[PDB]
Amino acid sequence: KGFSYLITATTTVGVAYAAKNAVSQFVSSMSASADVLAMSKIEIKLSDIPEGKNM
Amino acid sequence: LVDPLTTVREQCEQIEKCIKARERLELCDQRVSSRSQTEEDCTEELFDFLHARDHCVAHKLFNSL
Amino acid sequence: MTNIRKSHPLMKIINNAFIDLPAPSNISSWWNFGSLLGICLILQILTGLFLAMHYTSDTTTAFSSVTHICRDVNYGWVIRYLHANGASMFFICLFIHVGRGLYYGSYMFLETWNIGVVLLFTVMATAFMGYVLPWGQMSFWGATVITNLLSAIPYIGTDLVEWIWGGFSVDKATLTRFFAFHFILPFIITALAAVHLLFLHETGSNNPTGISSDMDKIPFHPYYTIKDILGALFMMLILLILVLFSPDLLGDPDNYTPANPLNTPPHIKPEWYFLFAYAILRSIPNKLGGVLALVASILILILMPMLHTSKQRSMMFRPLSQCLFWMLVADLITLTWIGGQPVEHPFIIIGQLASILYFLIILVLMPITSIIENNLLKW
Amino acid sequence: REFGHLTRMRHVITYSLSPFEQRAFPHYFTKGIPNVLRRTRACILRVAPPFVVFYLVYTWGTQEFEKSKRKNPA
Amino acid sequence: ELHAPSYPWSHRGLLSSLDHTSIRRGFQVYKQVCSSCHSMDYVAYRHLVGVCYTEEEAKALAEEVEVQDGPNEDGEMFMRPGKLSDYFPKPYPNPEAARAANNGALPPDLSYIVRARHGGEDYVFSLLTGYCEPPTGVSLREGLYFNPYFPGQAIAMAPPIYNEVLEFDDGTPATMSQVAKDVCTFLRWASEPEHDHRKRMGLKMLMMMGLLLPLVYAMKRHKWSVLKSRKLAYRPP
Amino acid sequence: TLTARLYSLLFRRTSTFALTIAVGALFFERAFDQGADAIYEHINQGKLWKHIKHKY
Ligand code: HEM
Ligand code: HEM
C-alpha cells in the first residue's frame, strides 16, 4: 500500500505545483500591469522646487 | 579595422559550389552584356552563388563576432 | 437512507454522466479526444475571458491592446499564446475526433453525430471571428476574402455581405461585432456539447470492434476518468511545448503587422485548420460553385450514415476501407498543403485532383468498396 | 441505461486481482515490444502507402513549382 | 527568392537564452543608427531595466531625449526631458512625413520586425549585411539599392551599417557584422521580451512532465491492472 | 520497510495523507524551483542580466 500510495502522493504534489503556477499567473494578470506600475505609481523629484514656489 | 565577414566571405567563396556558381554567373554576365537589349538579368545566377556562399558564411561567421 | 450521489437531483445527473456511466471496456486512446475537446473548450473560455479583460475591439486599439497584453500584462503572453495554440489544439482534436467517428462508424449515432456537425461549424465560426480580433494584416485580409466569398450567393450576396460588415468593407463595425460574436459563441458551443453528450448517453459509446459492448461495460469513473486525465496531461504537454518552445509555429508573421487596407499581403491564407477547405473552394473556377464545394466538404459529414453500405459498423475488420480511409486522410493533408500554397502551376492541378478525390472517396469509392467487402464475406 | 439492466449474460466467470496484489507494468518491454511490432505489421500496409504517395506528390509538386521560377533561356 | 541562412545565434537552442550584453550593444545600435528613421512604439525605457540597463542608466538614457508633454495651464504643449515610462521617440510626426523623408517609403516600426518577417533575425542579419552591386541586367531607380534578400531585391533603405558606424561602450570593434549581430539580438528581444522567461518556464514544464506523465501513467495502470490481468471462463450447460 | 513505515504513519488516513501532500508541495516547490533555476542559469551562464549587472 505504501509504494502505490506513494505514487499518488508524488503525483498530487506535482499536480499541486503545476496547478498553483497556472492559477497564480491568472491571478497576477488581474494585478496592475507593468505600465500601470510605471506611470501612476510614483512622481518623485528632488528639491528642485525653490522656496515659496508652488511647482 | 577589418570585418570578419569579408574574410569569411572570401574563404567561403573558395567553395566549389561557389566556384561553379561564380562562372555560371560570369557566363550570364558575358551574355547579357553582349546582347544589346534583353529582359535578362543575372539575378538567378547571383542567387545561386549567394545561397552557397551564405550557407558557408552562416556556418563560420559568428565564431569571430 | 440514500447515497446522495445517486439521489440528489444535480449529483444524479453528474453521477449518470461521468461516474456510474457504463462505458465499453475496450475504447482506445482515440476515444480520449472527446474529453480533450471539452477540455480545450474550457481552456479557450478561460484564457479568452482573461484576454477580454484587457482587449479592446476598436480598430484604433485592438492590435495595440494585444501588444499590451503580451508585453505589460502579467503573464499576458502566456494567456495569449495559450489561447492561440489552444485554438490550434482544439482543431487538431476535432479533426482526430471526426476521423475516429468516420473510421469506427460512430456516425450511426445519428443525433450526436448531427449535433457534432453543428459543433464543428460553430467552432469554425468562433475561430474565424477570433482570428480577426488582433487586427493584423492576416486578420484583416482573411476576413476580407472569406466574407466577400459570400457575395457569390444569388440575389442577396452583396446585401448579406454588407449587412455582416455593417458597411462597405471590413472595418470597425465588423471588428466590434466579431468580438461580440466571438465572446458569445463558445457558450452556445457549451450548450450544444451538453446536448451532444445527452444524445450520446442514450446509447453509450461505440467501441473499436463496432460490436455492441453491453456485456462488458465498466463504470466510467475509476477507469476513464484516470485515462482521460492521462490523455489531458499528454495534450497539455503538446500545448505547452507549442506555447513555450515555438509560440509562432502554426501562425503567420504578417499578423504582427497592423492591418493595412491599402496594402495587401502577397499571400492571404486562412489558418491551417481551414486550408483543406480553402483548397477545395480554390479548386473550382466558379465563385458560387467554389463556395458550394467549400460548404459541401463539411456538410458531407451529414451523409455518412446514408452512405454506409457495409454489414459491419467500424473499419476494424475491413482492410479495403481502411485503405480508402487512409487515402482520405492523405488527401486532406494534401488539401491543407495545397491551400497553404499559391494558385499557380503545379499546385492547381494537384488541388483539383485532391478536391475531386475527397468527394470521390466519400461519396463513391467508400460505398462501392463496402459492398465489395460485403460480397467477399458472402453476405 | 444503468448497471444491472444492460443485458442477459449467463455462464461467464471472471477472475480479477486487486491492484495492490499485482504490478502496473508487468513485462512492459519483454512483451510490449513484440506486441507493438505485431500491431505495426498488422496495419502498416493499410496506413503507410497513402502517406508515401503524399510524400512523393508533395516532393514532386514542390520541386516542380520551384523548377518554374527558374529562368528558361529564351 | 533568396532565403536567409540559419545563423548559430546564442538564443537558438531550446533552453538557450539571449545574451544580454548583445541586447545592450544592440540598443546602442538602434538608438544611434535606426531610430532616426524607425520608431519602436511598443518599447519604453522602463522595459530595458533588468534586461540590459540599470534603472539609473535607463533614466539617464530617457533624459537624453526630449518628449512632448500635454497641455499647460495656458493650454500650450511643451517639451520635457524623457522618463522611464516614456516610449521610444518617434522620428516622424505621421506616416506621410516618414514617406516624404525616405523617397516615398515608410520605414517600418521595429517593435515586431523580427516576428513580422519570415526568417526573423536571420533575415534581418542577411538584409543588413547583404548589400551588393546590382547584377548585370538589373537597373534600379535612384534612391533604390540592390539587396538580394529584400523581396524584389530593390530596397529604399540605403545601407545603414558599416564598419565603425558607431562606437561600442564595452570597446568591441564595431565591424559591420558585429553591429548587425548586436542589433539583431536587440530586435529579437524587442519582438519577444518574454523569450528568456518563456524558455525557463519550458525547462520547468519539461521537468514536471517528465515526472508527472510517468506518475499519472502508473496511476492509470494501477487502476487498470484489475481489467488487464482479468481472466474469463465460459461454462455453458 | 521504509514504504511500510511511510504508509502506516502518513498515508493510511486521508487527512494525514493530505497534510503530507501539502507539506511536500511546499518543500517541493522550493527545491524544484531552486534546482531548475540553477540548471537554467548554468546553461545560460554569463548571458543573463544578474551575471552581468555588476558592471553597471
Ligand atoms: C465541441 C466539440 C466537441 C466536443 C466537446 C465533443 C465531446 C464529445 C465527447 C466527450 C464524447 C464522448 C467521448 C468520445 O467518444 O470521444 C463525444 C463522442 C462523440 N462525438 Fe463528439 N464532441 C465534439 C465535436 C464533435 C464533432 C465535430 C463530431 C462529428 C461530427 C462529433 C461526433 C461525436 C460522436 C459520433 C461521438 C460518439 C463516438 C463513439 O462513441 O464512438 N463530436 N463527443
Ligand atoms: C470556442 C472557443 C474559442 C476559440 C476556438 C477561440 C479562438 C480564438 C482565436 C484563434 C483567436 C486569435 C488568437 C491570435 O491572436 O492568434 C482568438 C482571439 C481572442 N479570443 Fe478567442 N476563442 C475562443 C473562445 C473565446 C472566448 C469564450 C472569449 C471571451 C471570453 C475569447 C476571447 C478572445 C479574445 C479577447 C481574443 C483576442 C486576443 C488575442 O488575439 O489573443 N475567446 N480566439
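Derivation of every value follows stated rules applied to the coordinates shown; laboratory data play no part. Heads up, the Cβs are rebuilt from the backbone with ideal geometry, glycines too, and the neighbour counts pull from every protein chain shown.
Grab the Cα-Cα distance for C:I302 and C:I361, subtract it from 0.36 nm times how many residues apart they are, and report the gain in nm with one decimal. Kindly include the intermediate steps, with their values, before the conclusion.
Working: separation 59, 0.36 × 59 = 21.24 nm, distance 1.52 nm.
Additional length available on full extension: 19.7 nm.
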Full-extension gain in nm, E:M77 to E:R235, via 0.36 nm per residue minus C-alpha separation = 47.2 nm
Inter-centroid distance (Cα atoms) of region D:29-74 relative to region E:9-52, Å | 43
For region E:106-170 and region C:105-132, what is the separation of their Cα centres, given in Å?
-> 47
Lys, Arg +1 and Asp, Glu -1 on Cβ, resulting dipole of the protein assembly as shown about Cα centre, debye, nearest 20 = 5900
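Could you list, in their original order, any pairs among C:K227/E:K228; A:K53/E:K90; B:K60/D:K67; E:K59/F:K50; E:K199/F:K55; A:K45/F:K55 whose Cα atoms are separated by more than 22 Å?
Numbers: C:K227/E:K228 14 Å; A:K53/E:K90 34 Å; B:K60/D:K67 30 Å; E:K59/F:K50 19 Å; E:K199/F:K55 25 Å; A:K45/F:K55 26 Å.
Distance filter (> 22 Å) returns A:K53/E:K90; B:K60/D:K67; E:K199/F:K55; A:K45/F:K55.
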Distance in nm between C:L110 and C:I368 label points, each 7 Å along Cα→Cβ, equals 2.8
Test item: Cα-centred dipole of region C:192-281, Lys/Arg +1 and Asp/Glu -1 on Cβ, debye | 60
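Counting other Cβ atoms within 10 Å, which chymotrypsin sites (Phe, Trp or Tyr not before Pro) in region C:141-196 have at most 14 and lie in a DSSP loop? Don't skip to the answer; put the middle values down first.
On the way: sites: C:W141, C:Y155, C:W163, C:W165, C:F168, C:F178, C:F179, C:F181, C:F183, C:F187; in loops: C:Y155, C:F168.
Within region C:141-196, the qualifying chymotrypsin sites (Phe, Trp or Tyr not before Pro) (loop, at most 14 other Cβ atoms within 10 Å) are C:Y155, C:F168.
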For region E:114-233, list log₁₀ I(q)/I(0) at each q in 0.16 Å⁻¹, using the Debye formula over Cα point scatterers of equal strength and ignoring solvent, two decimals each.
-> -0.91
Compute the distance in nm between two label points, each set 7 Å from the Cα along the Cα-to-Cβ direction, one at F:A38 and one at C:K287.
-> 6.8
Rounded to whole Å and ordered largest first, report the semi-axes of the equivalent ellipsoid of region C:143-214 derived from its Cα gyration tensor (root of 5λ).
-> 40, 17, 10
Rounded to the nearest 0.05, what FRET efficiency do A:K53 and B:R24 have when you use their Cβ-Cβ distance and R0 = 60 Å?
-> 0.20
Between D:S16 and C:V343, how many nm apart are label points set 7 Å from Cα along the C-beta direction?
-> 6.0
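Over 16 Å apart: what share of the alpha carbon pairs of region C:118-167 falls there, rounded to a whole percent?
Working: 585 of 1225 pairs.
Counting pairs separated by more than 16 Å, the tail of P(r) holds 48 percent.
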What per residue convex hull volume, in Å³, do the alpha-carbon atoms of the protein assembly as shown yield?
-> 263
Using modelled amide H (1.01 Å from N, peptide plane; none on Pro or chain starts), what sits under 5 Å from the amide H of B:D41, excluding residues fewer than 5 places away?
-> E:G137, E:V138
Charge dipole of the protein assembly as shown built from unit charges on the beta carbon (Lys, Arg +1; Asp, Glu -1), centred at mean Cα; most positive-end Cα among E:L203, C:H54, C:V170 is E:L203
Most positive-pole-ward Cα, E:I155, E:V179, E:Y7, against dipole of chain E from beta carbon charges | E:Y7
Based on DSSP, what percent of beta bridges with both residues in the protein assembly as shown are antiparallel, to the nearest 5?
-> 95
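Can you compute the FRET efficiency between D:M9 and D:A48 using 1/(1 + (r/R0)^6), with r the Cβ-Cβ distance and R0 = 56 Å? Round to the nearest 0.05.
On the way: r = 40 Å, r/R0 = 0.71.
Given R0 = 56 Å and the Cβ-Cβ separation, E is 0.90.
Where does each of E:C37, E:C52 land when they are ranked from fewest to most other beta-carbon atoms within 10 angstrom?
On the way: E:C37 18, E:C52 27.
Final ranking by Cβ density, sparse to dense: E:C37, E:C52.
What is the mean number of Cβ atoms from other protein chains located within 10 Å of the Cβ atom of each residue in peptide D:16-25, rounded to a whole number? Mind showing how you got there, number by number?
Working: counts 8, 6, 2, 10, 6, 3, 5, 4, 12, 6.
For this peptide, the per-residue mean of nearby foreign Cβ atoms is 6.
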Rounded to the nearest 0.05, what FRET efficiency is calculated for A:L37 and F:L19 with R0 set to 41 Å and r the Cβ-Cβ distance?
-> 0.65
Take the alpha carbon atoms of region C:238-255, find their center, do the same for region C:175-213, and report the distance between the two centers in whole angstrom.
-> 27
Cα point-scatterer Debye curve for chain C, base-10 log of I(q)/I(0) at q = 0.06, 0.15 Å⁻¹ = -0.26, -1.46
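Please state the charge dipole magnitude for chain F, taken about the Cα centre, from unit charges on C-beta atoms (+1 on K and R, -1 on D and E), reported in debye and rounded to the nearest 20. Before the final figure, lay out the partial values.
Working: 8 positive and 4 negative charges, 18 e Å.
Charge dipole, chain F, about its Cα centre: 80 debye, nearest 20.
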Given charges at Cβ of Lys, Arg, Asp, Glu: the protein assembly as shown dipole, positive-most of C:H8, B:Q30, E:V124 | C:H8
When F:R5, E:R188, B:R24 are ranked with the fewest other C-beta atoms within 10 Å first, the list becomes F:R5, B:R24, E:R188
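In what order do E:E63, D:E66 fall by count of nearby beta-carbon atoms within 10 Å, going from fewest to most?
Fewest to most other Cβ atoms nearby, the residues stand as D:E66, E:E63.
Exposed loop sites here are chymotrypsin sites (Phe, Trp or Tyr not before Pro) in DSSP loop states with at most 12 other C-beta atoms within 10 Å. What is the longest stretch of chain D lacking them? Provide the component values of the computation, followed by the final result.
Numbers: sites that count: D:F3, D:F20, D:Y28, D:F29.
Counting at most 12 other Cβ atoms within 10 Å as exposed, the longest clean stretch of chain D is D:30-74.
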Can you list residues whose amide H is under 5 Å from E:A154's amide H, if they're 5+ apart or on another chain and H is modeled 1.01 Å from N?
-> E:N147
Among the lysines, select those whose C-alpha is under 21 Å from the C-alpha of C:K378, and discard any that sit fewer than 8 residues away in the same chain.
-> C:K311
